Amino acid sequence: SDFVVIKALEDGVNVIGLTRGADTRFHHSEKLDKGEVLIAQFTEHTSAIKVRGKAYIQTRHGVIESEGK
Amino acid sequence: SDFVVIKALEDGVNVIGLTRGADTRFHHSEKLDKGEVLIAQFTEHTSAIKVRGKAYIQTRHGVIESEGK
Amino acid sequence: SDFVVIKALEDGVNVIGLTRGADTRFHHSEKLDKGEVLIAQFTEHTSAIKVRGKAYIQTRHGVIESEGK
Amino acid sequence: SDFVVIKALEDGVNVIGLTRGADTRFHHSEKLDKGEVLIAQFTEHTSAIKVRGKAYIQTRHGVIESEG
Amino acid sequence: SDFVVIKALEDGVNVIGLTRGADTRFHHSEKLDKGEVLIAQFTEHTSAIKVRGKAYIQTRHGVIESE
Amino acid sequence: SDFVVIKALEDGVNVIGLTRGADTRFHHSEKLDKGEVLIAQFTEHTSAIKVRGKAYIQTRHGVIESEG
Amino acid sequence: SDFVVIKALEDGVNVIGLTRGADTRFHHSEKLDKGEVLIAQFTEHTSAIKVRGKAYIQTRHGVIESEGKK
Amino acid sequence: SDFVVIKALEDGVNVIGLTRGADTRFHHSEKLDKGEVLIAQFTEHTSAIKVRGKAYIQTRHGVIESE
Amino acid sequence: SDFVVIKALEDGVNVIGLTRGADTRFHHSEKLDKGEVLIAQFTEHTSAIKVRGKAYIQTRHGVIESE
Amino acid sequence: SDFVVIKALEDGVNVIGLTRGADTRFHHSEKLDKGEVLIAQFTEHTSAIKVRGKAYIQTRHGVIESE
Amino acid sequence: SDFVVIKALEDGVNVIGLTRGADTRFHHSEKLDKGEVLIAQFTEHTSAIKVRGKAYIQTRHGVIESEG
Ligand SMILES: N[C@@H](Cc1c[nH]c2ccccc12)C(=O)O
Ligand SMILES: N[C@@H](Cc1c[nH]c2ccccc12)C(=O)O
Ligand SMILES: N[C@@H](Cc1c[nH]c2ccccc12)C(=O)O
Ligand SMILES: N[C@@H](Cc1c[nH]c2ccccc12)C(=O)O
Ligand SMILES: N[C@@H](Cc1c[nH]c2ccccc12)C(=O)O
Ligand SMILES: N[C@@H](Cc1c[nH]c2ccccc12)C(=O)O
Ligand SMILES: N[C@@H](Cc1c[nH]c2ccccc12)C(=O)O
Ligand SMILES: N[C@@H](Cc1c[nH]c2ccccc12)C(=O)O
Ligand SMILES: N[C@@H](Cc1c[nH]c2ccccc12)C(=O)O
Ligand SMILES: N[C@@H](Cc1c[nH]c2ccccc12)C(=O)O
Ligand SMILES: N[C@@H](Cc1c[nH]c2ccccc12)C(=O)O
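In the PDB header, X-ray crystallography is given as the technique by which the entry was determined, and 2.5 Å as its resolution.

Let us look at the site of ligand 10. Among the 15 residues in the neighbourhood of ligand 10, the closest are listed as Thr-43 and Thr-46 of chain G together with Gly-21, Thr-24 and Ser-47 of chain I. Looking at what sits near ligand 10, you find residues from chains G and I. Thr-46 of chain G is positioned with one of its side-chain polar atoms (N or O) 2.8 Å from an oxygen atom of ligand 10. Contacts to ligand 10 include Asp-23 of chain I, whose backbone N or O atom sits 3.2 Å from a nitrogen atom. Considered on its own, ligand 10 offers 360 Å² of accessible surface; in the complex 99% of this is hidden by protein. Each residue belonging to the shell around ligand 10 can be placed in one class, and the counts come to three nonpolar, 10 polar and two charged.

Judged from the six bridges that link them, strand β2 (residues 13-19) of chain G and strand β3 (residues 26-32) of chain G form a sheet pairing that is antiparallel. From the neighbouring strand, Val-15 of chain G faces β3 of chain G, where its bridge partner is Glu-30 of chain G.

With that settled, consider the interface of chain A and chain B. Across the boundary between the two partners, chain A contributes 24 residues, which contact 21 residues of chain B. In total, about 2,000 Å² of surface goes out of reach between chain A and chain B, with carbon and sulfur atoms giving 58% of it. If you sort the residues of chain A by the area they bury against chain B, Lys-50, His-61 and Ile-64 of chain A come out on top, with a joint share of 32%. At the boundary of chain A and chain B, one finds three salt bridges. Across the salt bridge formed by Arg-52 of chain A and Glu-36 of chain B, the nearest N and O atoms sit 2.8 Å from each other. For the side of chain A that touches chain B, the secondary-structure elements that each account for two or more residues are β5 (46-52), β6 (55-59) and β7 (62-66) of chain A. It is β5 of chain A that contributes the most residues to the side of chain A that touches chain B, seven residues altogether.

So, how was this worked out
Residues numbered from 1 in each chain as written, not as in the entry; some residues may be left out. Chains lettered and ligands numbered in written order. Heavy atoms only, no water. Near = heavy atom within 4 Å. Polar contact = N/O pair within 3.5 Å; in protein donor to acceptor, adjacent residues only side chain to side chain. Areas by Shrake-Rupley, 256 points an atom, 1.4 Å probe, with all protein chains shown as cover. Nonpolar A, V, L, I, M, F, W, Y, C, P; charged D, E, K, R; others polar. Pairing = 2+ DSSP bridges. Helix = DSSP H or I, 4+ residues; strand = E, 2+ residues; numbered from the N terminus. Contact = heavy atoms within 4.5 Å. Buried area = accessible area lost by both parts, 1.4 Å probe. Salt bridge = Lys/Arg side-chain N within 4 Å of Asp/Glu carboxyl O.

Put into structure tokens, the structure is as follows:
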């Protein structure tokens, strides 16, 4: 099942999982401080992932950076 | 199942899911602000995705820029 | 299952779904304003999709523009 | 399941599907005007597709233009 | 399931389907006029396809012209 | 299933299908005339194909000419 | 089923497993010391992996170095 | 399921099929004359194939000549 | 299923398999002497591999040296 | 299911099959003479293959010569 | 499953199979003499293979050499 790579470039980065199914909501928010990496998969409970803050992200489609503020 | 990456290039971008099945309507609209990144899958509930607002998008098939009015 | 990417290159583009089965009719028409992106899959209800209006399109087989007059 | 992309290079192109099974006949004819794009799959009901008129076509095996 | 692309480069091309199973015969023949394209699959009823006439042919294995 | 492209570069080319199973015998022989193309599969009834005559052949593994 | 390659570049790196399911919490931390390599999969119990401290990571998507503190 | 392409470089080439299962023994030998091509598959009955004669062979793994 | 290649560069390398399940603990420790190669898979019992000592490692994502 | 290509490079080359299962023993040894090709699969009966003699070998992992 | 390719580069090369299961023990040791090639699979009974001796190894992930 796919996964995404997130590296925080700053303190307080947020990787939020949104619930799978009929409803759409935040079920979990993982805080990442500067330099930490989170490797997260799409699962039965998570069908969309939002990154808040400055981070460096890798997926099967390539590299992208979110930006804070 | 496949997924799309959307980076908001401006405030208030909308990432909108359209219902799977015989009936077709928007079931959810995730608002993104400038620099935030949304990674979203095609699921049991979502069979088409619409982006409104200025964003940068990556999919299996290439990259695309959406633009606001 | 596969999807197509459509960017409207003018207001009023139409993205139309053709019914899966022994009959073929339009069951849905999604309207796109200039700059808006629709990412759409081939589903249990849709086995053919028709684009009307000027649009930039990307599929698994490459890019193509649609032109209407 | 595979699909074909068809862009009408003139008014009145026809995208015709042929019925899957022991019988072969046309079951449907989608007409395209100039510039319009049809993206169509192979289905439980369609196992062959015929395009008539001038069109620009894309498949897994490459590009091809039809001429009426 | 695999398919073939056939463009007729003259009138009267004929794309013939041969039956699947223990017996082998033509079960259909689709004529093509100059410039017409047929995109056809291998199916529960068709395990072999024969092209007669002048045609520009595309498959998984490459391009081929029939003469 | 996989298939084989066979174009005849002379008259009388023969595409022979051999039986799948514990016994091995030809069960069908499709005759090709110069220029014709035959696109056939491996199937429940055919597990080896033999080509007699001069032909241009394409498979998953590449081109190859037969001489007969 | 996918896996991640982790090499500690300093002592006291932790590779943390996040539980699969409606709840999300750390169920395990593997300590790595400088030069040690952990090769770990996504599983029935782990659906997200967090690396603390300096490490050199290889996944299907390429290379990345963690630099988190402590 | 896979196959091998075998072209006879001389008369009398022989493509032999060895049985699948606990016993190994040849169950067929298709003779090929100079120029003839045999396209054959690994099947329920064949788990190994021996070529005797001068043949040009094509597999998933590349080309090889038998001598 | 996936595997890793481990070449010991020094006597005493220790290849540790960690338990698949809710609990994580080493279930086996395989020691290698300098120059030996262990080729190991992920399996129903092993979901994580830990490598102590100086070794040369090959996986699907590339090469890496434990130190 | 995968296979390997074995070309004998001298008379008396030997292709040995090892049993699948808890026990491991040879259950068949197919002798090849100079220039002959054997194309063999991993099967329900064979989980490992040993080559004895001077042989040219192609697998999915590349070419190798036995000595 | 996948397989490894092992060629003995000296006499007495030992290819050891480790048991699949909750327990991990050697269940077999194939002895290889210089020049002999053993091509082995991961199986129902083998989940990990050890090579002792100077041997030339090919896997999906490339070549590697064990040294005696
Ligand atoms: N609950 C939605 C979450 C989602 C995934 N992809 C989306 C795209 C747009 C909007 C919402 C979504 C779903 O499972 O379908
Ligand atoms: N509910 C529709 C939505 C849809 C998906 N792809 C489309 C393409 C065109 C029009 C509508 C759609 C469906 O499941 O089919
Ligand atoms: N109802 C048709 C619609 C269709 C799909 N592909 C086509 C190609 C040509 C004509 C019609 C179609 C079907 O499901 O088969
Ligand atoms: N009824 C046919 C239509 C067809 C598909 N591919 C063909 C090739 C040649 C002739 C006819 C066909 C089928 O299902 O088999
Ligand atoms: N009836 C044959 C038709 C066929 C397929 N491939 C062939 C190759 C050679 C000769 C005939 C065939 C089949 O289904 O098996
Ligand atoms: N009846 C044999 C035909 C065959 C296929 N591949 C072969 C290779 C060699 C000899 C015979 C064959 C089979 O189905 O098994
Ligand atoms: N408990 C969560 C963990 C998770 C995986 N990927 C995530 C992305 C964001 C937030 C949480 C997660 C799950 O199994 O879905
Ligand atoms: N009867 C054997 C034949 C065989 C296949 N591959 C082999 C390799 C070596 C020796 C014999 C064989 C089997 O099915 O396994
Ligand atoms: N009994 C173990 C053998 C094993 C395979 N890979 C390993 C990696 C590390 C330690 C032991 C192993 C297993 O099947 O689970
Ligand atoms: N008990 C764990 C072992 C594990 C695999 N991957 C991990 C990543 C981090 C922490 C522990 C692990 C599991 O199977 O889930
Ligand atoms: N009976 C053993 C044969 C074998 C295959 N691969 C091996 C690797 C090493 C030792 C023995 C083997 C098995 O099927 O597992």
